[PDB]
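For reference, the structure discussed in these notes is given below.
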Amino acid sequence: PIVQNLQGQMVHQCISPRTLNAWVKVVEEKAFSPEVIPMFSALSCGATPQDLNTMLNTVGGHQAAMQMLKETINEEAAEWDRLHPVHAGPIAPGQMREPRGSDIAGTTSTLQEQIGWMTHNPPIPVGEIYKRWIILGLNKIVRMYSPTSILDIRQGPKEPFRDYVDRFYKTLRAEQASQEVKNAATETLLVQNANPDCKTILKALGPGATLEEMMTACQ
Amino acid sequence: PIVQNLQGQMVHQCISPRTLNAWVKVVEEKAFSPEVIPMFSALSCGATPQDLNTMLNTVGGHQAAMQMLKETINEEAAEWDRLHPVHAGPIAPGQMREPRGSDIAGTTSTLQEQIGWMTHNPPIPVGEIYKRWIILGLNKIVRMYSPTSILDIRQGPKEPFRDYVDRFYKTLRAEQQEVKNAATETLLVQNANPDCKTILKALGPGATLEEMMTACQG
Amino acid sequence: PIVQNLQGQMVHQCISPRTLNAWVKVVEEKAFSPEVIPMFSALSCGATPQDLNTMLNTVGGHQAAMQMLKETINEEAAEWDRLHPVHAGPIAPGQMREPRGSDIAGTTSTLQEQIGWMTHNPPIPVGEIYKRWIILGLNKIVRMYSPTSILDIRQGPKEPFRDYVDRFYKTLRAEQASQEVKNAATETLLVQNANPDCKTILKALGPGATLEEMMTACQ
Amino acid sequence: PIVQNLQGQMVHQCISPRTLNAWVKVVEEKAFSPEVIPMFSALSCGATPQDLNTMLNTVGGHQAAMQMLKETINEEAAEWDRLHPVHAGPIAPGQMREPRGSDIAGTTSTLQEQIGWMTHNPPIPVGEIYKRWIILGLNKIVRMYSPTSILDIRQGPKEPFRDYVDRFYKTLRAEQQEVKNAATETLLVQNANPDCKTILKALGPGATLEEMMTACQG
Amino acid sequence: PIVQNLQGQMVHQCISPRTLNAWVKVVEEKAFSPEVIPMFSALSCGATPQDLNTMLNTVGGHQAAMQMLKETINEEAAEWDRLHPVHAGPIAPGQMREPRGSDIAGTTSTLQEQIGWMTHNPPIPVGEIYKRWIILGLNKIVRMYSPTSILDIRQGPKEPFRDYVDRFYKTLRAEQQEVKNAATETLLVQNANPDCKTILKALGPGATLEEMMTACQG
Amino acid sequence: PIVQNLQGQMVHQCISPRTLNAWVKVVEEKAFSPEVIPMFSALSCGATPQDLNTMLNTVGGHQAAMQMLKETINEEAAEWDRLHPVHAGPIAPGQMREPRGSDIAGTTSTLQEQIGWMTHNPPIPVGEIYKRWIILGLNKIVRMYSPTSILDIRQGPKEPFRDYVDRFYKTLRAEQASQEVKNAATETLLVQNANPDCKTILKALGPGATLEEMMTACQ
Ligand SMILES: CC(C)(C#Cc1ccc(-c2ccc(Cl)c3c(NS(C)(=O)=O)nn(CC(F)(F)F)c23)c([C@H](Cc2cc(F)cc(F)c2)NC(=O)Cn2nc(C(F)(F)F)c3c2CCCC3)n1)S(C)(=O)=O
Ligand SMILES: CC(C)(C#Cc1ccc(-c2ccc(Cl)c3c(NS(C)(=O)=O)nn(CC(F)(F)F)c23)c([C@H](Cc2cc(F)cc(F)c2)NC(=O)Cn2nc(C(F)(F)F)c3c2CCCC3)n1)S(C)(=O)=O
Ligand SMILES: CC(C)(C#Cc1ccc(-c2ccc(Cl)c3c(NS(C)(=O)=O)nn(CC(F)(F)F)c23)c([C@H](Cc2cc(F)cc(F)c2)NC(=O)Cn2nc(C(F)(F)F)c3c2CCCC3)n1)S(C)(=O)=O
Ligand SMILES: CC(C)(C#Cc1ccc(-c2ccc(Cl)c3c(NS(C)(=O)=O)nn(CC(F)(F)F)c23)c([C@H](Cc2cc(F)cc(F)c2)NC(=O)Cn2nc(C(F)(F)F)c3c2CCCC3)n1)S(C)(=O)=O
Ligand SMILES: CC(C)(C#Cc1ccc(-c2ccc(Cl)c3c(NS(C)(=O)=O)nn(CC(F)(F)F)c23)c([C@H](Cc2cc(F)cc(F)c2)NC(=O)Cn2nc(C(F)(F)F)c3c2CCCC3)n1)S(C)(=O)=O
Ligand SMILES: CC(C)(C#Cc1ccc(-c2ccc(Cl)c3c(NS(C)(=O)=O)nn(CC(F)(F)F)c23)c([C@H](Cc2cc(F)cc(F)c2)NC(=O)Cn2nc(C(F)(F)F)c3c2CCCC3)n1)S(C)(=O)=O
Ligand SMILES: [Cl-]
Ligand SMILES: [Cl-]
Ligand SMILES: [Cl-]
Ligand SMILES: [Cl-]
Ligand SMILES: [Cl-]
Ligand SMILES: [Cl-]
Ligand SMILES: [Cl-]
Ligand SMILES: [Cl-]
Ligand SMILES: [Cl-]
Ligand SMILES: [Cl-]
Ligand SMILES: [Cl-]
Ligand SMILES: [Cl-]
Ligand SMILES: [Cl-]
Ligand SMILES: [Cl-]
Ligand SMILES: [Cl-]
Ligand SMILES: [Cl-]
Ligand SMILES: [Cl-]
Ligand SMILES: [Cl-]
Ligand SMILES: [Cl-]
Ligand SMILES: [Cl-]
Ligand SMILES: [Cl-]
Ligand SMILES: [Cl-]
Ligand SMILES: [Cl-]
Ligand SMILES: [Cl-]
Ligand SMILES: [Cl-]
Ligand SMILES: [Cl-]
Ligand SMILES: [Cl-]
Ligand SMILES: [Cl-]
Ligand SMILES: [Cl-]
Ligand SMILES: [Cl-]
């Protein structure tokens, strides 16, 4: 990663063995459950493109998902090149060359160049741009590897309402979209798919009931 | 988090893999027992709103509780907005814009803006404000996920007094001061078994818990 | 905790996850054996009142003991207030308000105030004062949760003297008092409660025998 | 390794016990799976040739692979010597002698000489040059220890398409761009089972892997 | 402990949770085997008397041994007092009072006084003086808890010579130089079995242990 | 160990508990397999003679090997004294006394003296000299505790060539000597002791075949 030293300088630091192992283990244990995305974002805090590639490369298995990840990265790289065409010319002593999409992804850039972009004034955060592309691709994988659809989450006749809401929002979380779309699913399905006993109790509470109030009434 | 380096400067630091792992494991092992709140508060020491969102996001399962958490955060965010009406105008070179409720919660603010507020002079501690909202919401979850009421904790006829007081105060802690002193000293005696109850009335009012527990050991 | 940086300044540091976990685990594994007190004192090295409350709050179970701990803290807090009545008046720019008993215990003081007291010149060590109260209460719990009394430690007819002395001082350690009282128990009971074979051997050694000499003679 | 301290100076640091243990364990658990190469590259971040030799030396077993590694290193060392003919002469007070192939590999150079080259201005990065040779040799071992050829990866008649693509690209990664794109998009379809193959021809050319995998889920 | 920071200053540092845990575990697993002494000495590197008391206090069980340890410490403390008679008088602004035996042992001295002695110029190393007393007492415990005498270590008629020498020197280490050389070279041969003994007399005096072990492999 | 601080000064640092435990564990798990030597060298990076003695002393068991280690150290210490006779005379304010062999081994020198030698300008690296002697003795133990001789490594009639080469170089590695002697064993035995099918294939490849080429042809 790029961390701050004691002189106000942003300097490169080696990725720690604990960080490497933590990322490998979370993929091993959780596959592509939704909580793997925050794990990846935090473990790649301040990462260079090289560090991001290191983390993705150390993943064992799930190579179909990782290949989909590469395709998403290339799409974002192609879009970046269309939005930032490079301007030919000799690079000045101080400055650094403009980064292409393949430079952000770390395929055509060295670590020294990645450090130069990230520690520049103002910084060009190729690590955060690359991380955005990876997380975009990881969100697609979480979508695809989700076993259940939100329309199939129905409360059982003897299932506690808390367990039903657990399944509802677990399923809703794996279908990543805007909150306007997640609030729409809730207002469309959560009460309507509760079991008959709890459904009649919640409709009397009215639409203005909080989840806390809904869960309290169906205890 | 935002911590002091070895030379007195407030700088941003990445949340450590040990901190992330510790928080994930304690929720996995303890769910929403009362001791999860101090663990969260300590593990989020110096956290930015982004760190707090990271920690809450790494929680697997318990999405009903975590959704209740979002609603509590939105309630506190709305109250913050009502108490701090925004003043329109261009931001001066040095200062930073005043934060809204969604900025404290980290949904409409960048990490750099959060660092700017927290390292400002004087600091706007958006991380501690957000953490206050989260702990408020986590406390609601603990109280709701408490299975037993203090009125149902009664000492068995052959149950050691120590084990009964363990269960009593464990339950009282989950049933989240004016009433916690109310349960103590009078509900505790009333729900003791007849054998220990008779010993405790002889002690008279003003007995410490140590004196109460010593008198009912045998 | 409050640690020293590289400029001679005492600054606040976050309690580490390793420290939190270590304290939780030692309570889980050892309950209130006597060695939990040194574990707590070392793990709370340099702790603020907030850190001390964090450690006590993270304890799962043993809530009867922890409630006795609160009562001991309130007694010491009440005594501190009786010995240090606060003097009303506006606090000067540099100085800090005088700490009440509830401020030392962290119930009416902020972390910022605790840092101010502990890093003041001269420091008011509210963390060490609070720690004294907690350890006082923890010593009472170790006393109460000790299963055996020193008068019941008697050497068996075939029990090795070393195992008997192990039980003797293990029991004596859980009854915390002054060493004058622990030397009294030893001079009153250790030889007198050895089995007949070793007892007759030790009485011939005389009162001036060291424990090493006593254990060597009864091997 | 040679890392920057908290004040901008390039100083030598001892390889940590965690780094040593991590490298030993990953070889123990993963042998020469493709993901062992990124692990080695990251764990040897900033390494001197001595650190690289330490890491390779701590490997227990697999001495046939490790001997192949030595031969690859010697081949690259010989090429370095042919491209950098040595210039005889006394070394000036300030500078350092030019490194031979065996100096980069750490067999004829001391740790102090390696520090001198790596911290020179401009630096002679003997650690990264050596690491390049090692990873080149490790890549040869991975390819040789790959059990299956990409031509033998065919989807079973009842095998889920996801599992088939997992095996396909796992195998393709061990079979170490002009031909890796060649297997993709046409070998992948050709080795699918008749049921999914018929769906994939209807998608037409230009289908992404996401579109291919979505179409053969059921 | 009292360690140097990253800038040359001797400052107090809290004993780490890893150091505490390591010491507790080694006593739990190894009791008072001889290798417990080096572990204690290394784990107490730079320790104050308070740290040393902390480490000894965290030991669970073995209270007979730990009481023998206290008596040894008191013996050394009394000898220190006899060798350093106290000089009455008011302490000057700069200096520190001379330490008694109980001050070195940490029973009558505060942590701040211990820091003052250890960071003084010249330093009064109360931590290393105390540690010397503790290791002296720990050595007495190891010797007392050694089950076997060197005279009872004899090679079996079919026991490999290597295993016999392992047991011989393991026992000799617990039986805590003038006599340790005495057991070596002549007791070692005398307690070998007749088969290896006959080989070792043919080697003649002056044989190294390597030569002795090589000659009795088969 | 002796590490560099932030002022360019080489200062003493305590040996870490992780380093102590790692060395103890590797001896417990690997005994005296050849890879224990690199483990020891890396874990003793920058070690003082005191640290080296600490690591050797913490070894449980294998006391015959450790005694052979002491004898090797004394031989090297005696040779050092013969090559560096000490010159009597008062030590100047700045300088330090010349180290004897027993000073390098840490038996007659204090930690303060070891720090003085190692941080001197120019440094007298007693830690690296001692480490050389220990590794010399450790190499002798790996030799002696090797169960197999290189002449007994013969490929089985159905044994894969890769497994045979694994055994060959594992055995060759435990007999530590110069590479000229290890290249001699390879050119004398590796092809000659392959099974008849692979042996005839390799002899046709000729002596100029690499190991990669030899292993590919006998797959
Ligand atoms: C970098 C990473 C790790 C990230 C992130 C991130 C950023 C902001 C927020 C967030 C914070 C507070 C509030 Cl108040 C809202 C809100 N308020 S609102 C209009 O009412 O919805 N929106 N959002 C999310 C949106 F970005 F829009 F600002 C809020 C979050 C929250 C944090 C959180 C998690 C938690 F567990 C409980 C909380 F209290 C807060 N995380 C999510 O909300 C993810 N989530 N998704 C669903 C879904 F899909 F099931 F509905 C559910 C959840 C959480 C649990 C209930 C259901 N994270 S990242 C991603 O890049 O890797
Ligand atoms: C930030 C977090 C981590 C926090 C906190 C915090 C702050 C102050 C105190 C505290 C300290 C000392 C005393 Cl004297 C009182 C007291 N004195 S009083 C009139 O009698 O009430 N009050 N309180 C708490 C109140 F806020 F009120 F000021 C006291 C605490 C205490 C610390 C503690 C824990 C412990 F284990 C044993 C102790 F000795 C001290 N923690 C609690 O007391 C929690 N607790 N609750 C109940 C209940 F509800 F069952 F009674 C019980 C307990 C503990 C076990 C017995 C029963 N923590 S956090 C979480 O916000 O994230
Ligand atoms: C401080 C410690 C840890 C050390 C060391 C050290 C120093 C240099 C080298 C080294 C580096 C690169 C090349 Cl090119 C050669 C070479 N080139 S050459 C003429 O063709 O032979 N020689 N040597 C070794 C010699 F010192 F001479 F410079 C080379 C080494 C190598 C590192 C290595 C290990 C590995 F696993 C694979 C590699 F690619 C490189 N380690 C060894 O070679 C040990 N080894 N021994 C035998 C034997 F005995 F079976 F043949 C075998 C091996 C390695 C595996 C195959 C067989 N380490 S230490 C010791 O003090 O604790
Ligand atoms: C130093 C070490 C650790 C390294 C490295 C490294 C460098 C660059 C890239 C990389 C990044 C993004 C893209 Cl877009 C491309 C691309 N775009 S392209 C035209 O389609 O090929 N190429 N490459 C790699 C090439 F060098 F070519 F530039 C890309 C990588 C990627 C990182 C990665 C891994 C992942 F898991 C998922 C990702 F999204 C990105 N790693 C690989 O791709 C390895 N890999 N190989 C194959 C193969 F062979 F089976 F196809 C497959 C994979 C990954 C899983 C699918 C199949 N690492 S190292 C080791 O040297 O020590
Ligand atoms: C902060 C914490 C962790 C503390 C402490 C502390 C302070 C001083 C001493 C201490 C040091 C050396 C000597 Cl010479 C004496 C002595 N000399 S004397 C008159 O002859 O008795 N007194 N004391 C104790 C007294 F404070 F008075 F100065 C001595 C201690 C000792 C350390 C120790 C432990 C050990 F294991 C073996 C040792 F060699 C030394 N610890 C104890 O002694 C506790 N202990 N108690 C009993 C009892 F009850 F069974 F007798 C026994 C023991 C130890 C084992 C034998 C029996 N710790 S804390 C608490 O706040 O958490
Ligand atoms: C502070 C602590 C941790 C210590 C220490 C320490 C100091 C010096 C030495 C040492 C170093 C090298 C040599 Cl050459 C001699 C030697 N040369 S000589 C005439 O032959 O005796 N003497 N001694 C030790 C004596 F103090 F005497 F100067 C030597 C040691 C050695 C280190 C060591 C350990 C090892 F495992 C193998 C080695 F190569 C070197 N440790 C011992 O030797 C302990 N030991 N004891 C016996 C006994 F008793 F059974 F013979 C045996 C052993 C080791 C295994 C064989 C038998 N440690 S501490 C604890 O105080 O807390
Ligand atoms: Cl690490
Ligand atoms: Cl890269
Ligand atoms: Cl989830
Ligand atoms: Cl509920
Ligand atoms: Cl820092
Ligand atoms: Cl970490
Ligand atoms: Cl971790
Ligand atoms: Cl955020
Ligand atoms: Cl509880
Ligand atoms: Cl009780
Ligand atoms: Cl930590
Ligand atoms: Cl507090
Ligand atoms: Cl005990
Ligand atoms: Cl005994
Ligand atoms: Cl540093
Ligand atoms: Cl480490
Ligand atoms: Cl480790
Ligand atoms: Cl080397
Ligand atoms: Cl793979
Ligand atoms: Cl799929
Ligand atoms: Cl420091
Ligand atoms: Cl630690
Ligand atoms: Cl720990
Ligand atoms: Cl003390
Ligand atoms: Cl031993
Ligand atoms: Cl042998
Ligand atoms: Cl450590
Ligand atoms: Cl030493
Ligand atoms: Cl090997
Ligand atoms: Cl092969």
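Values for this structure:
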quantity	calculated
Qualifying residue in region E:100-120 (condition: farther than 30 Å from E:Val24 by Cβ and assigned to a helix (DSSP H, G or I))	no
Top-ranked residue in region A:23-36 [being crowded, with 20+ Cβ neighbours inside 10 Å and away from ligand 25 (no atom under 16 Å from the Cβ); ranked as farthest from D:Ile2 (Cα to Cα)]	A:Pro34
Selected residue [more than 8 Å from every other protein chain (Cβ to nearest Cβ) and of a type in the set (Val, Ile, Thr)] from D:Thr108, D:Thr54, D:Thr58	D:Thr108
Total residues in region B:1-29, condition under 21 Å from C:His62 (Cα atoms) and either of a type in the set (A, V, I, L, M, F, W, C) or within 16 Å of ligand 4 (Cβ to nearest atom) (or both)	2
All helices (runs of 4 or more DSSP H) inside region F:16-63 with 3 or more residues being within 16 Å of ligand 29 (Cβ to nearest atom) and at the interface with chain D (Cβ under 7 Å from one of its Cβ atoms)	F:17-30
Condition check for A:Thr108: closer than 19 Å to A:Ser41 by Cα and of a type in the set (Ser, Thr, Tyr)	no
Residues of region D:132-174 classified as closer than 17 Å to D:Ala65 by Cβ and either in a helix (DSSP H, G or I) or of a type outside the set (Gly, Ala, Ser) (or both), total	15
Boolean, D:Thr72 is within 16 Å of ligand 4 (Cβ to nearest atom) and within 11 Å of chain F (Cβ to nearest Cβ)	yes
Complete set of residues in region A:147-187 that are farther than 18 Å from B:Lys70 by Cβ and surrounded by fewer than 18 Cβ atoms within 10 Å (Cβ to Cβ)	A:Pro147, A:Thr148, A:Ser149, A:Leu151, A:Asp152, A:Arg154, A:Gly156, A:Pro157, A:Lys158, A:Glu159, A:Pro160, A:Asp163
For F:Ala194: the one exception among (1) more than 21 Å from F:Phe32 (Cα to Cα); (2) surrounded by fewer than 17 Cβ atoms within 10 Å (Cβ to Cβ)	(2)
Members of region B:9-23 found to be more than 7 Å from every other protein chain (Cβ to nearest Cβ) and over 14 Å from B:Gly127 (Cβ atoms), listed by number	B:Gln9, B:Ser16, B:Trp23
Which numbered condition D:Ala88 misses (of (1) farther than 22 Å from D:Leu136 by Cβ; (2) touching a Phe, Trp or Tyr at 6+ places or on another chain (Cβ under 8 Å))	(2)
Candidates E:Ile150, E:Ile141, filtered to the one that is of a type outside the set (S, T, N, Q) and facing another protein chain (nearest Cβ under 10 Å)	E:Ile141
Residue list for region D:153-166, restricted to those being more than 7 Å from chain A (Cβ to nearest Cβ) and buried (at least 19 other Cβ atoms within 10 Å of the Cβ)	D:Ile153, D:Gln155, D:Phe161, D:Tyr164
Some residue of region E:186-201 being under 26 Å from the mean Cα position of the chain (by Cα) and either basic (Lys, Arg) or outside any helix (DSSP H, G or I) (or both)	no
Residue check for B:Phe32: part of a loop (DSSP other than H, G, I, E, B), in contact with a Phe, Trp or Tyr (Cβ under 8 Å, 6 or more places away or on another chain) and more than 16 Å from ligand 4 (Cβ to nearest atom)	yes
Among the residues listed as C:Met68, C:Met96, the single one being more than 17 Å from C:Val3 (Cα to Cα) and either within 12 Å of chain B (Cβ to nearest Cβ) or within 16 Å of ligand 11 (Cβ to nearest atom) (or both)	C:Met68
Region E:47-67, subset of a type in the set (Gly, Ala, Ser) and surrounded by fewer than 21 Cβ atoms within 10 Å (Cβ to Cβ), residue farthest from ligand 16 (Cβ to nearest atom)	E:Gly61
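Every residue, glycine as well, gets a Cβ built from its backbone with ideal geometry; the counts of neighbours run over all protein chains shown. No value in this document is a laboratory result; all are computed from the given coordinates.
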